[PDB]
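Each remark here refers to the structure printed beneath this line.
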Amino acid sequence: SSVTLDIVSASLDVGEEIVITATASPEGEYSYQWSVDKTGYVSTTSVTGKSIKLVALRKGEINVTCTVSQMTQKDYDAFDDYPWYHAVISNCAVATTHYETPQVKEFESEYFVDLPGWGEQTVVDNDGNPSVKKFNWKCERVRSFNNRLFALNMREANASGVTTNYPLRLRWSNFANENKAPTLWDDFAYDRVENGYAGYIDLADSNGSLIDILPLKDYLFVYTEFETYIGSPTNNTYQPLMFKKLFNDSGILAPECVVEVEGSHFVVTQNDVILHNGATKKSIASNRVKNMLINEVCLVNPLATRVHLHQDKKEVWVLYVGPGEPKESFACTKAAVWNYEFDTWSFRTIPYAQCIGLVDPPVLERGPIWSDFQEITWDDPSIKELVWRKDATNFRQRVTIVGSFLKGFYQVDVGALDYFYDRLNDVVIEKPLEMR
Amino acid sequence: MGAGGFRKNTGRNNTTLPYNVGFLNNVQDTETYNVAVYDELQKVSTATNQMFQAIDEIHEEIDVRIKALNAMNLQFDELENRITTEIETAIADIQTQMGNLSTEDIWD
Amino acid sequence: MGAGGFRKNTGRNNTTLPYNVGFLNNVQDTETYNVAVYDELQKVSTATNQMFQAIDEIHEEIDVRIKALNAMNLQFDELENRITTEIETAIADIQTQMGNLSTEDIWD
Amino acid sequence: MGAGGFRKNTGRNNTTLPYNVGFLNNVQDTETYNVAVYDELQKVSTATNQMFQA
Amino acid sequence: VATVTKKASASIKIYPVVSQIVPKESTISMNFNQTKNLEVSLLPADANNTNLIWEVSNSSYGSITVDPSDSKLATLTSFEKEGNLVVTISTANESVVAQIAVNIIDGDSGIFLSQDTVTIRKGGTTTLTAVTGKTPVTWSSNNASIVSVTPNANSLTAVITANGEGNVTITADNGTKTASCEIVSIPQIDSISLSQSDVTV
């Protein structure tokens with residue numbers, strides 16, 4: 001109900017302090033956000049606490065306000081055919097999926113929130129009166145570049161709710177600041193009368209859907225299943241990024257089939273596998289595995305295909321759904337692996353991966369201390385798989401982990417076992433790892 | 001119509017870094033030489049795109065100064081009009097009126 | 001506060017020489033080829049530095065033309081104010097004063 | 001006497017085209033490397049002459 | 001997701017805190033005779049907001065050396081001892097502290113001088129500064145072949161050169177009143193050390 005403040009008005013001298021506090025109507029537990037109607041003027045502490053400290057810094061008049069909220073849980077709908085995509089910026093982690101707004105976790109916060117200033121546009125009247133409006137925007141994918149954030153394949157609504165898919169749209173944000181994600185997305189800033197005010201290009205290529213984005217050495221590469229564009233950042237001018245074409249036939253297979261190995265791009269490019277330096281490309285499979293991949297990938301579900309950069313052993317591996325699997329499964333049964341230190345291909349099993357990544361391990365594995373097992377017994381409380389010293393791939397002693405269809409997590413390069421599955425019994429099976 | 005202050009915001013923050021060729025002549029290996037010439041052309045590409053951004057920023061500032069110029073000259077001519085009209089009118093009209101009125105009222 | 005003459009010396013004396021690539025394809029020796037690309041990148045470096053110098057000279061000439069444009073428009077408006085006060089005062093005060101002060105000491 | 005006219009026509013018709021280096025690192029043959037550097041320097045010459053005209 | 005939100009709002013007025021940017025004076029420096037009671041004047045920059053406190057170095061130079069302020073201005077008073085002192089105008093608690101220098105000139109046409117006594121190593125140099133009721137201030141030294149004295153253009157300041165070693169005295173002000181300053185010239189080395197006394201070769 002009704003909200004109150006400790007105060008309604010105040011006089012400060014510059015450099016003086018003050019504290020105001022808000023209380024809800026009912027004695028319940030709520031979430032707070034403090035706000036100020038002009039930027040500068042004051043210093044603040046933890047704008048999510050019910051009682052805020054202020055410090056006058058500049059001559060003027062201002063409004064300080066508090067929003068109080070009855071927050072509740074509401075589930076996402078990020079289905080297995082539409083996963084999360086998870087970019088990174090300034091130590092804030094982005095979520096991003098279809099049907100949802102992209103959302104970000106701040107460095108100075110313990111929960112997610114919708115990307116700040118996402119969906120904003122600005123109007124100006126004749127004779128110059130501005131106003132800001134938030135329209136519904138939904139994305140496909142979000143990534144980082146040149147201290148900005150980027151967005152693809154927009155569903156970009158407007159006043160009167162006919163949302164239009166712009167499959168060739170690509171939007172970009174401001175620059176960052178201290179421990180914070182970007183703050184505005186309106187191409188129509190500077191009409192309200194920081195650096196890097198936003199933009200959009202709306203490209204010219206083939207069917208769109210506009211599958212992925214990835215940088216390289218200051219140079220964006222944007223991919224459309226056939227054909228690709230370079231983006232070059234200018235400094236700051238009439239055109240903050242200039243986009244030039246690169247390929248008339250190359251273009252990525254599926255949403256995360258590109259990775260930066262060594263000053264170059266590894267791509268599953270619809271027909272084949274390529275390694276391009278920018279300007280020029282090669283075929284890493286021409287006549288050695290081509291007719292073997294296209295096959296094994298074609299059979300079940302190609303859009304489940306992924307790549308991951310196993311730096312630790314100088315391998316790049318392309319993950320796919322095995323030859324005999326349900327046509328609506330996305331669990332990658334198998335991976336084809338390229339050792340870029342010698343240009344040599346192999347294949348392997350992986351434990352039904354939904355997703356893969358590098359990570360830090362648990363503590364019991366993280367180079368521990370006899371002084372930690374004060375609750376453990378030699379008698380293996382179902383914990384057995386601990387070798388005094390596990391060979392190392394990395395000096396920070398880090399680990400590649402798979403998020404699995406099998407209700408859990410797995411490490412994917414570790415002492416020899418394999419975890420097969422059994423639909424006839426709906427049970428997991430462990431068996432010795434077989435090389436052939 | 002104030003000559004709108006310098007848009008201090010067009011090119012003066014692009015450090016136009018003078019492109020200087022790194023020593024290619026000590027690179028006896030073709031692969032290192034080929035990298036060094038590519039790195040040299042990369043500095044050229046960087047510099048070319050900086051000089052363009054400055055040329056467009058220069059054209060926008062010129063376009064602002066031509067809009068500012070219509071104003072100052074046209075206003076010069078408006079104030080010329082003011083001068084002529086007001087001054088001539090006042091001086092002549094009054095001298096005449098005053099002299100005539102007082103002089104006549106008195107000598108008959 | 002006159003406009004400044006042309007700095008007849010911002011860049012119009014810098015012969016910005018049109019960069020033209022010399023023949024690289026006949027240089028069969030890698031060492032001479034490496035010299036010829038270094039010499040072409042040196043002509044690029046020269047022309048890029050001449051264009052950055054001409055863009056800085058243009059930015060300086062625009063910085064001069066914007067210093068020339070703003071405060072002289074302020075002189076226009078302040079001289080315009082002198083005009084206003086002086087001659088408005090004249091017209092009104094003048095006519096009123098003479099006629100009234102003449103009714104002067106002479107009517108009764 | 002008149003601030004006469006925008007010369008509406010001083011350089012905004014020259015699309016200065018942003019110079020970008022093509023991949024040189026894969027050219028293992030000196031003769032093909034030599035051509036690729038010459039073609040890159042030709043784009044530089046072009047952009048240099050457009051900037052001088054502007 | 002926020003099911004219900006309610007807002008609350010408050011204005012704040014932020015006054016400029018001037019006199020955190022310096023105050024400035026009509027009465028920057030004031031020379032006066034032994035028991036004159038002169039008024040003294042100062043303003044904050046921008047004329048905005050805060051008040052000031054008036055304070056003085058050695059509060060023994062007047063019967064109650066500085067009177068408390070009215071508002072921005074204040075007033076001064078003096079008692080029978082001589083030399084410079086300084087009146088500092090400190091803002092109410094914060095760190096802005098302007099300063100007014102005043103000379104209590106010993107009499108109506110008297111003099112005082114900066115140092116009493118000086119110590120100089122031979123070949124070195126130092127300066128002496130008078131304060132006087134009249135601008136001509138002649139300087140003279142006994143033993144000019146051991147300590148030279150050379151007036152500056154203002155005459156009230158002079159430069160001393162230690163041409164030789166020994167105890168010397170300076171007088172200044174022919175202007176109806178002559179002051180004093182003692183000067184010791186000292187050796188360029190006072191002692192020495194060696195590495196050994198009980199050697200054997």
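Chain labels follow the order of the structure tokens: the first chain is A, the next B, and so on; residue numbering restarts at 1 in every chain, and ligands are counted from 1 in their shown order.
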Find the residues of chain A that sit at most 12 Å from chain B; for each, write down the nearest two atoms and how far apart they are in Å, to one decimal. Count only C-alpha atoms. Sort by chain, then by number going up, and give it as a tab-separated table.
residue	atom	partner	partner_atom	distance
A:194	CA	B:9	CA	11.6
A:195	CA	B:9	CA	10.3
A:196	CA	B:9	CA	12.0
A:217	CA	B:42	CA	11.1
A:218	CA	B:46	CA	11.0
A:219	CA	B:42	CA	11.7
A:232	CA	B:49	CA	9.5
A:233	CA	B:49	CA	9.2
A:234	CA	B:49	CA	6.5
A:235	CA	B:14	CA	6.5
A:236	CA	B:53	CA	7.3
A:237	CA	B:53	CA	5.3
A:238	CA	B:56	CA	6.8
A:239	CA	B:53	CA	8.2
A:240	CA	B:53	CA	9.3
A:241	CA	B:49	CA	10.7
A:242	CA	B:49	CA	9.6
A:277	CA	B:38	CA	11.9
A:278	CA	B:38	CA	11.9
A:279	CA	B:38	CA	11.4
All Cα atoms, paired in order, least squares: that's the fit I need for chain B onto chain C, output as a compact mmCIF listing (two decimals) with N, CA and C atoms, in the first residue's frame.
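Here's the written file selection_12.txt:
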# COMPACT_ATOMS: atom_id res chain seq x y z
N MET B 1 37.15 44.48 -32.45
CA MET B 1 38.13 43.39 -32.23
C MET B 1 38.36 42.67 -33.55
N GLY B 2 39.30 43.15 -34.38
CA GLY B 2 39.45 42.62 -35.74
C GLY B 2 39.65 41.10 -35.79
N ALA B 3 38.90 40.42 -36.66
CA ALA B 3 39.08 39.01 -37.00
C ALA B 3 40.48 38.79 -37.57
N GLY B 4 41.44 38.53 -36.68
CA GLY B 4 42.86 38.42 -36.99
C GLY B 4 43.09 37.66 -38.29
N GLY B 5 43.81 38.30 -39.21
CA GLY B 5 43.98 37.82 -40.57
C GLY B 5 44.43 36.36 -40.59
N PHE B 6 44.03 35.64 -41.64
CA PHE B 6 44.44 34.26 -41.91
C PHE B 6 45.89 34.05 -41.48
N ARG B 7 46.13 33.15 -40.51
CA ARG B 7 47.47 32.62 -40.32
C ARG B 7 47.72 31.76 -41.55
N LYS B 8 48.30 32.38 -42.58
CA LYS B 8 48.54 31.80 -43.91
C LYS B 8 49.69 30.78 -43.89
N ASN B 9 49.80 30.05 -42.78
CA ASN B 9 51.05 29.56 -42.20
C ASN B 9 50.87 28.18 -41.55
N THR B 10 49.75 27.53 -41.87
CA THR B 10 49.24 26.28 -41.32
C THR B 10 48.80 25.42 -42.51
N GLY B 11 49.69 24.57 -43.02
CA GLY B 11 49.34 23.49 -43.96
C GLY B 11 49.30 23.83 -45.45
N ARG B 12 48.96 25.05 -45.87
CA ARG B 12 48.87 25.39 -47.32
C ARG B 12 50.20 25.31 -48.09
N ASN B 13 51.33 25.17 -47.39
CA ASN B 13 52.66 24.92 -47.95
C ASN B 13 53.09 23.45 -47.88
N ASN B 14 52.36 22.59 -47.16
CA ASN B 14 52.54 21.15 -47.26
C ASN B 14 51.82 20.70 -48.52
N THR B 15 52.58 20.48 -49.59
CA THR B 15 52.09 19.71 -50.74
C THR B 15 51.87 18.27 -50.29
N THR B 16 50.64 18.04 -49.87
CA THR B 16 49.91 16.78 -49.76
C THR B 16 49.99 16.05 -51.11
N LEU B 17 51.11 15.37 -51.36
CA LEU B 17 51.36 14.70 -52.63
C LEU B 17 50.49 13.44 -52.70
N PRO B 18 49.57 13.32 -53.68
CA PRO B 18 48.68 12.18 -53.76
C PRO B 18 49.49 10.90 -53.87
N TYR B 19 49.33 10.02 -52.88
CA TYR B 19 50.02 8.75 -52.85
C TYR B 19 49.49 7.89 -54.00
N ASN B 20 50.35 7.53 -54.95
CA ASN B 20 50.03 6.63 -56.04
C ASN B 20 50.97 5.42 -55.99
N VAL B 21 50.38 4.23 -56.01
CA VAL B 21 51.13 2.97 -56.01
C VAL B 21 51.90 2.82 -57.31
N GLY B 22 53.22 2.70 -57.22
CA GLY B 22 54.08 2.31 -58.34
C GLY B 22 53.80 0.87 -58.79
N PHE B 23 54.14 0.54 -60.03
CA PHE B 23 53.91 -0.80 -60.58
C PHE B 23 54.74 -1.87 -59.86
N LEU B 24 54.10 -2.60 -58.95
CA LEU B 24 54.69 -3.76 -58.28
C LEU B 24 54.60 -5.05 -59.12
N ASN B 25 53.60 -5.14 -60.02
CA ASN B 25 53.27 -6.38 -60.75
C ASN B 25 54.34 -6.87 -61.74
N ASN B 26 55.26 -6.01 -62.18
CA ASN B 26 56.33 -6.39 -63.11
C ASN B 26 57.61 -6.85 -62.40
N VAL B 27 57.58 -6.93 -61.08
CA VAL B 27 58.76 -7.21 -60.27
C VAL B 27 58.79 -8.70 -59.92
N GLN B 28 59.37 -9.48 -60.84
CA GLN B 28 59.47 -10.95 -60.73
C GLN B 28 60.49 -11.43 -59.69
N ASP B 29 61.44 -10.58 -59.34
CA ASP B 29 62.40 -10.84 -58.28
C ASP B 29 61.82 -10.40 -56.94
N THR B 30 61.74 -11.33 -55.98
CA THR B 30 61.28 -11.06 -54.62
C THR B 30 62.07 -9.94 -53.96
N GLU B 31 63.38 -9.82 -54.19
CA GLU B 31 64.19 -8.80 -53.52
C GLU B 31 63.84 -7.39 -54.03
N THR B 32 63.75 -7.22 -55.35
CA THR B 32 63.25 -5.99 -55.98
C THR B 32 61.79 -5.72 -55.62
N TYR B 33 60.95 -6.76 -55.47
CA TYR B 33 59.55 -6.62 -55.07
C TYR B 33 59.44 -6.10 -53.64
N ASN B 34 60.27 -6.67 -52.76
CA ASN B 34 60.35 -6.33 -51.35
C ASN B 34 60.81 -4.89 -51.13
N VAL B 35 61.78 -4.44 -51.94
CA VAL B 35 62.20 -3.04 -52.00
C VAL B 35 61.06 -2.16 -52.51
N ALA B 36 60.37 -2.56 -53.58
CA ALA B 36 59.31 -1.75 -54.16
C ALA B 36 58.12 -1.59 -53.20
N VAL B 37 57.71 -2.63 -52.47
CA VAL B 37 56.68 -2.53 -51.42
C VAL B 37 57.13 -1.70 -50.23
N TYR B 38 58.40 -1.77 -49.83
CA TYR B 38 58.94 -0.90 -48.79
C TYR B 38 58.93 0.57 -49.23
N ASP B 39 59.31 0.86 -50.48
CA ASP B 39 59.24 2.19 -51.09
C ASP B 39 57.79 2.69 -51.19
N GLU B 40 56.84 1.79 -51.47
CA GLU B 40 55.42 2.11 -51.44
C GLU B 40 54.94 2.47 -50.04
N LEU B 41 55.23 1.64 -49.03
CA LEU B 41 54.91 1.95 -47.63
C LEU B 41 55.63 3.22 -47.14
N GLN B 42 56.82 3.54 -47.66
CA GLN B 42 57.53 4.79 -47.35
C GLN B 42 56.77 6.02 -47.85
N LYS B 43 56.20 5.95 -49.05
CA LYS B 43 55.30 6.99 -49.57
C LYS B 43 54.03 7.09 -48.72
N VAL B 44 53.48 5.97 -48.26
CA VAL B 44 52.33 5.97 -47.32
C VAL B 44 52.68 6.65 -46.00
N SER B 45 53.81 6.29 -45.38
CA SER B 45 54.35 6.90 -44.16
C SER B 45 54.51 8.41 -44.31
N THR B 46 55.11 8.83 -45.42
CA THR B 46 55.25 10.25 -45.78
C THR B 46 53.88 10.93 -45.85
N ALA B 47 52.93 10.35 -46.57
CA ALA B 47 51.60 10.92 -46.73
C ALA B 47 50.80 10.97 -45.42
N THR B 48 50.86 9.91 -44.61
CA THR B 48 50.19 9.82 -43.30
C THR B 48 50.65 10.95 -42.38
N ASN B 49 51.96 11.18 -42.31
CA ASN B 49 52.53 12.24 -41.47
C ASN B 49 52.20 13.64 -42.01
N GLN B 50 52.08 13.82 -43.33
CA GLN B 50 51.60 15.07 -43.93
C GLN B 50 50.14 15.36 -43.57
N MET B 51 49.26 14.36 -43.65
CA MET B 51 47.84 14.50 -43.33
C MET B 51 47.59 14.81 -41.86
N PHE B 52 48.39 14.24 -40.96
CA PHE B 52 48.37 14.59 -39.54
C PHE B 52 48.73 16.05 -39.28
N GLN B 53 49.83 16.50 -39.90
CA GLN B 53 50.32 17.86 -39.72
C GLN B 53 49.24 18.85 -40.16
N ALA B 54 48.58 18.57 -41.29
CA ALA B 54 47.41 19.31 -41.74
C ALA B 54 46.23 19.27 -40.75
N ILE B 55 45.90 18.11 -40.15
CA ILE B 55 44.82 17.99 -39.15
C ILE B 55 45.08 18.84 -37.89
N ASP B 56 46.32 18.87 -37.39
CA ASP B 56 46.69 19.71 -36.24
C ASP B 56 46.66 21.21 -36.61
N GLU B 57 47.15 21.55 -37.80
CA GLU B 57 47.10 22.90 -38.39
C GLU B 57 45.65 23.38 -38.59
N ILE B 58 44.75 22.48 -38.99
CA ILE B 58 43.31 22.69 -39.07
C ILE B 58 42.71 22.94 -37.67
N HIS B 59 43.04 22.12 -36.67
CA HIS B 59 42.55 22.33 -35.30
C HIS B 59 43.00 23.68 -34.73
N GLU B 60 44.25 24.10 -34.93
CA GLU B 60 44.71 25.42 -34.48
C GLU B 60 43.97 26.57 -35.18
N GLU B 61 43.73 26.46 -36.49
CA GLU B 61 43.00 27.48 -37.23
C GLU B 61 41.52 27.53 -36.79
N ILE B 62 40.87 26.39 -36.58
CA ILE B 62 39.53 26.31 -35.97
C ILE B 62 39.53 26.99 -34.59
N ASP B 63 40.51 26.71 -33.73
CA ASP B 63 40.63 27.31 -32.39
C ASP B 63 40.76 28.85 -32.45
N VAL B 64 41.49 29.37 -33.44
CA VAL B 64 41.58 30.80 -33.76
C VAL B 64 40.23 31.35 -34.24
N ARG B 65 39.50 30.63 -35.10
CA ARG B 65 38.19 31.08 -35.61
C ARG B 65 37.08 31.04 -34.58
N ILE B 66 37.14 30.15 -33.60
CA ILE B 66 36.20 30.15 -32.48
C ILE B 66 36.47 31.35 -31.55
N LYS B 67 37.74 31.70 -31.31
CA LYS B 67 38.10 32.93 -30.58
C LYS B 67 37.65 34.18 -31.34
N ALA B 68 37.84 34.22 -32.66
CA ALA B 68 37.34 35.30 -33.50
C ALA B 68 35.80 35.40 -33.47
N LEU B 69 35.09 34.27 -33.54
CA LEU B 69 33.62 34.21 -33.42
C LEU B 69 33.12 34.71 -32.07
N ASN B 70 33.61 34.31 -30.93
CA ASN B 70 33.05 34.92 -29.70
C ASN B 70 32.90 36.41 -30.02
N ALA B 71 34.01 37.01 -30.45
CA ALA B 71 34.07 38.47 -30.68
C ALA B 71 32.93 38.95 -31.58
N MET B 72 32.91 38.66 -32.88
CA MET B 72 31.87 39.24 -33.77
C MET B 72 30.48 39.15 -33.11
N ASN B 73 30.00 38.00 -32.59
CA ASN B 73 28.60 37.92 -32.06
C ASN B 73 28.43 38.82 -30.84
N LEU B 74 29.34 38.70 -29.88
CA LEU B 74 29.23 39.51 -28.65
C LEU B 74 29.18 40.99 -29.07
N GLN B 75 29.97 41.39 -30.07
CA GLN B 75 30.04 42.82 -30.47
C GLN B 75 28.69 43.16 -31.14
N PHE B 76 28.11 42.27 -31.96
CA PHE B 76 26.75 42.43 -32.56
C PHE B 76 25.82 42.79 -31.41
N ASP B 77 25.82 42.01 -30.34
CA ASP B 77 24.86 42.27 -29.23
C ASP B 77 25.17 43.64 -28.58
N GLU B 78 26.45 43.98 -28.39
CA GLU B 78 26.86 45.30 -27.80
C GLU B 78 26.27 46.43 -28.65
N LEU B 79 26.40 46.32 -29.96
CA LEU B 79 25.94 47.39 -30.89
C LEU B 79 24.40 47.36 -30.88
N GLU B 80 23.75 46.21 -30.72
CA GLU B 80 22.27 46.11 -30.54
C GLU B 80 21.93 47.03 -29.36
N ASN B 81 22.59 46.81 -28.22
CA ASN B 81 22.37 47.66 -27.02
C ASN B 81 22.48 49.12 -27.48
N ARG B 82 23.64 49.51 -28.05
CA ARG B 82 23.87 50.91 -28.52
C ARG B 82 22.58 51.35 -29.23
N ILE B 83 22.24 50.74 -30.37
CA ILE B 83 21.01 51.03 -31.17
C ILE B 83 19.90 51.35 -30.18
N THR B 84 19.29 50.31 -29.63
CA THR B 84 18.09 50.49 -28.78
C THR B 84 18.29 51.77 -27.96
N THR B 85 19.20 51.73 -26.99
CA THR B 85 19.33 52.86 -26.03
C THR B 85 19.36 54.19 -26.78
N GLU B 86 20.48 54.49 -27.45
CA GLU B 86 20.66 55.83 -28.05
C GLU B 86 19.40 56.23 -28.82
N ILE B 87 19.01 55.43 -29.81
CA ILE B 87 17.91 55.86 -30.73
C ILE B 87 16.67 56.19 -29.90
N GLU B 88 16.14 55.19 -29.19
CA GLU B 88 14.85 55.38 -28.46
C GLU B 88 15.00 56.67 -27.65
N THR B 89 16.00 56.71 -26.76
CA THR B 89 16.21 57.87 -25.85
C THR B 89 16.05 59.14 -26.69
N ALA B 90 17.02 59.44 -27.55
CA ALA B 90 17.02 60.70 -28.33
C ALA B 90 15.60 60.93 -28.84
N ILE B 91 15.13 60.11 -29.79
CA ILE B 91 13.81 60.38 -30.46
C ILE B 91 12.80 60.81 -29.39
N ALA B 92 12.38 59.89 -28.51
CA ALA B 92 11.27 60.17 -27.56
C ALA B 92 11.55 61.47 -26.78
N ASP B 93 12.63 61.47 -26.00
CA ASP B 93 12.96 62.62 -25.11
C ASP B 93 12.74 63.90 -25.91
N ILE B 94 13.46 64.04 -27.02
CA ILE B 94 13.41 65.34 -27.75
C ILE B 94 11.99 65.61 -28.19
N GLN B 95 11.39 64.78 -29.04
CA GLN B 95 10.03 65.12 -29.53
C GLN B 95 9.31 65.75 -28.32
N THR B 96 9.14 64.96 -27.24
CA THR B 96 8.37 65.44 -26.05
C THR B 96 8.85 66.85 -25.66
N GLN B 97 10.04 66.97 -25.06
CA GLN B 97 10.61 68.27 -24.61
C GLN B 97 10.27 69.37 -25.63
N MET B 98 10.81 69.30 -26.85
CA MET B 98 10.66 70.38 -27.87
C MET B 98 9.18 70.79 -27.93
N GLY B 99 8.33 69.87 -28.41
CA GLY B 99 6.90 70.19 -28.58
C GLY B 99 6.42 70.92 -27.34
N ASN B 100 6.39 70.23 -26.19
CA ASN B 100 5.86 70.81 -24.93
C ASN B 100 6.38 72.25 -24.80
N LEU B 101 7.68 72.42 -24.56
CA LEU B 101 8.31 73.75 -24.33
C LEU B 101 7.71 74.78 -25.29
N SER B 102 7.99 74.67 -26.60
CA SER B 102 7.59 75.74 -27.55
C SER B 102 6.07 75.97 -27.46
N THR B 103 5.28 74.91 -27.65
CA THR B 103 3.79 74.98 -27.64
C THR B 103 3.33 75.80 -26.43
N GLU B 104 3.73 75.43 -25.20
CA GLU B 104 3.26 76.09 -23.95
C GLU B 104 3.73 77.55 -23.93
N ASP B 105 5.04 77.78 -24.08
CA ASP B 105 5.62 79.15 -24.09
C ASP B 105 4.71 80.05 -24.94
N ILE B 106 4.17 79.52 -26.05
CA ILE B 106 3.33 80.34 -26.98
C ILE B 106 1.84 80.41 -26.60
N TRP B 107 1.07 79.34 -26.38
CA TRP B 107 -0.42 79.49 -26.21
C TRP B 107 -0.82 79.92 -24.78
N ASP B 108 0.12 80.34 -23.92
CA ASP B 108 -0.24 80.90 -22.58
C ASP B 108 0.98 81.09 -21.67
List the neighbours of stretch 19-21 of chain A out to 10 Å using only C-alpha atoms; skip same-chain residues closer than 4 positions along the sequence, and give me the result as number ranges by chain.
A: 4-8, 44, 49-55, 64, 66; E: 10
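The gap separating atom CA of residue A:259 from atom CA of residue A:286 is 19.3 Å, in Å to one decimal.
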Determine which residues of chain D sit within 10 Å of chain A, taking into account only C-alpha atoms, and present them as JSON, numbers by chain.
{"D": [17, 18, 20, 21, 22, 23, 24, 25, 26, 27]}
Keeping N, CA and C atoms for every residue in the selection just given, could you write it to a file as a short mmCIF file (atom, residue, chain, number, x, y, z; two decimals), in the first residue's frame?
data_model
loop_
_atom_site.label_atom_id
_atom_site.label_comp_id
_atom_site.auth_asym_id
_atom_site.auth_seq_id
_atom_site.Cartn_x
_atom_site.Cartn_y
_atom_site.Cartn_z
N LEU D 17 35.95 6.04 -49.20
CA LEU D 17 35.61 4.64 -48.87
C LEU D 17 36.59 4.02 -47.85
N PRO D 18 36.11 3.54 -46.67
CA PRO D 18 36.99 3.24 -45.54
C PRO D 18 37.97 2.14 -45.91
N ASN D 20 40.38 -0.85 -45.52
CA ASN D 20 40.51 -2.05 -44.69
C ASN D 20 41.48 -3.01 -45.36
N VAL D 21 42.48 -3.46 -44.59
CA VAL D 21 43.51 -4.40 -45.06
C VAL D 21 42.91 -5.79 -45.29
N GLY D 22 43.12 -6.35 -46.48
CA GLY D 22 42.90 -7.76 -46.78
C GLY D 22 43.96 -8.67 -46.15
N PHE D 23 43.58 -9.91 -45.85
CA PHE D 23 44.47 -10.89 -45.22
C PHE D 23 45.74 -11.18 -46.05
N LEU D 24 46.89 -10.74 -45.55
CA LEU D 24 48.21 -11.00 -46.15
C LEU D 24 48.91 -12.25 -45.58
N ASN D 25 48.60 -12.65 -44.34
CA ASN D 25 49.35 -13.69 -43.61
C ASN D 25 49.32 -15.10 -44.22
N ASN D 26 48.38 -15.39 -45.13
CA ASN D 26 48.27 -16.71 -45.76
C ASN D 26 49.00 -16.82 -47.10
N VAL D 27 49.64 -15.75 -47.56
CA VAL D 27 50.24 -15.73 -48.89
C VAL D 27 51.70 -16.18 -48.79
#
For a quick test of understanding: name the residues of chain E lying within 7 Å of chain A when counting only C-alpha atoms, and present them as number ranges by chain.
E: 1-17
Near chain C, meaning an atom within 12 Å, which residues of chain D appear when counting only C-alpha atoms? Write them as JSON, numbers by chain.
{"D": [29, 30, 31, 32, 33, 34, 35, 36, 37, 38, 39, 40, 41, 42, 43, 44, 45, 46, 47, 48, 49, 50, 51, 52, 53, 54]}
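Distance-wise, atom CA of residue A:265 and atom CA of residue A:338 end up 13.3 Å apart.
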I need the residues of chain B that end up classed as alpha helix (DSSP H) by DSSP on the backbone, written out as number ranges by chain.
B: 30-107
Expected answer as number ranges by chain: strand (DSSP E or B) residues in stretch 33-137 of chain E:
E: 39-40, 42-44, 52-56, 66-67, 74-76, 83-91, 97-104, 111-113, 117-121, 125-132
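Pairwise distance (atom CA of residue A:139, atom CA of residue A:407) equals 28.5 Å.
The protein and nucleic acid residues lying at most 12 Å from residue E:51 are residues 17, 18, 19, 20, 23, 42, 43, 44, 45, 69, 70, 71, 72, 73, 89, 90, 91, 92, 93, 94 and 96 of chain E, with only C-alpha atoms considered and sequence neighbours fewer than 5 positions away removed.
In this comparison, which uses only C-alpha atoms, the residue of E:169, E:65, E:31, E:119 approaching residue E:104 most closely is E:31.
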